[PDB]
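Before any questions on how it binds or moves, here is one chain, the form deposited in one PDB entry, in structure tokens.
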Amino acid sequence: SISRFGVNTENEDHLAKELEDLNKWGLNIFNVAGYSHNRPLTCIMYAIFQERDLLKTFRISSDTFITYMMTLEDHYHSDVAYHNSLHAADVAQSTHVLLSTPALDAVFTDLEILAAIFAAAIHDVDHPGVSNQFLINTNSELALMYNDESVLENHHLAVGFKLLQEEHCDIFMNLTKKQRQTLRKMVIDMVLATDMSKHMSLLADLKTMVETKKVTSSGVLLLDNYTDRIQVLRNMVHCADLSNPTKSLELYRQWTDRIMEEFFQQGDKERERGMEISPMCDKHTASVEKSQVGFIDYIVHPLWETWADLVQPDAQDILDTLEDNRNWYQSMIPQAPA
């Protein structure tokens, strides 16, 4: 309820204004955090579940849901500049919008929809603000536990599911044993897919599927087998995760400031511990503009272009914004003549 959020009517009214964009790409999650005592993930997730009647469908009481979500959100580190609950909220809301794209209407079951949004919400939980390689190079206990493979991603999953065991936190209590098994499988698949080292193989396989792309009498995509549906969900969450550059510049710029702050903080930690600094972690040798252009050209654009193709023409506006932002940064690159 509104009381669990500690929000008064004045801020509840502001929040109502902001939530008018719940199903839109233009929602401003920064404003949402500001009116919800900085609990953007729980607030947006509650709004999303209400909007999709997921609480009613899976018999999750508001009590259990809010208790779990508030617990999960508290396990995101508010001192980590980018990988915090604000980023998770953004990704969950972005996934929520992508799931409603015309080209995918009626394609996914409710359990698959539940799985993708949940995956998005927990995908970076308890992130330390440093990369897998940093954990590996410092002989971190986490790296040793997971044998240097998708260290953080494996940890995000373990924490997300482990927290269901705390008091009044099992939001999957009323799902059948079969549903829980299937949801777990799907969630694990999608979160492990957020590991950037799997990006290329994801894109490749994604393009391939687009070659075999099948539609209907209306333009709606056809995916009758699990394997094909999970590949789309997997890529959908990956796209939402990498959606910053496709948002209105006012938002994209705030995300970029955060990702750069987090990179510099890791650079500070490397210096503090006598380790050699990482690329783009050196606040004195990193070029924000150039980095963003490179990130879009080599990773984000190639990804969204393929997604745009799969859901043609649903994502066209997203691709255009992406391109405008890319050119804005391109022209923003500093210049020193003679």
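Think of the rigid core as the biggest set of C-alphas that the two forms share within 1.5 Å after superposition. One-based numbering along the sequence shown.
> Between 303-311 and 277-285, name whichever shows the higher mean Cα B factor according to the PDB entry.
Looking at the recorded C-alpha B-factors, 277-285 comes out higher on average.
> Looking at the entry, does 15-23 or 314-322 show the higher mean C-alpha B-factor?
The entry gives the higher C-alpha B-factor average to 314-322.
> Which has the highest CA B-factor per the PDB entry: 123, 162, 87, 214?
In the PDB entry, the greatest C-alpha B-factor among 123, 162, 87, 214 is found at 214.
> Identify, among 200, 97, 186, 158, the residue whose C-alpha carries the highest B-factor in the deposited PDB entry.
The listed residue with the largest C-alpha B-factor is 200.
> Which third, lowest, middle or highest, does the C-alpha temperature factor of residue 68 belong to within its own chain?
Lowest third.
> Using only modelled residues of the chain, where does the Cα B factor of residue 227 rank: lowest third, middle third or highest third?
Residue 227: CA B-factor falls in the highest third of its chain.
> Just say lowest, middle or highest third for the CA B-factor of residue 290 relative to the other modelled residues in its chain.
Within its chain, residue 290 is a highest-third residue by C-alpha B-factor, going by the deposited values.
> Please place residue 35 in the lowest, middle or highest third of its chain according to the CA B-factor in the PDB entry.
As the PDB entry reports it, the C-alpha B-factor of residue 35 lands in the middle third of its chain.
> Residue 136's Cα B-factor: lowest, middle or highest third of the chain?
It belongs to the lowest third of the chain when residues are ordered by C-alpha B-factor.
One more form of this protein should be noted, the form deposited in another entry, which is absent from this view; the next part is about it.
> Go through 299, 55, 275, 70 and flag the only one whose CA is off by 2 Å or more between this form and the one not shown, rigid core held fixed.
Among the listed residues, the outlier is 275.
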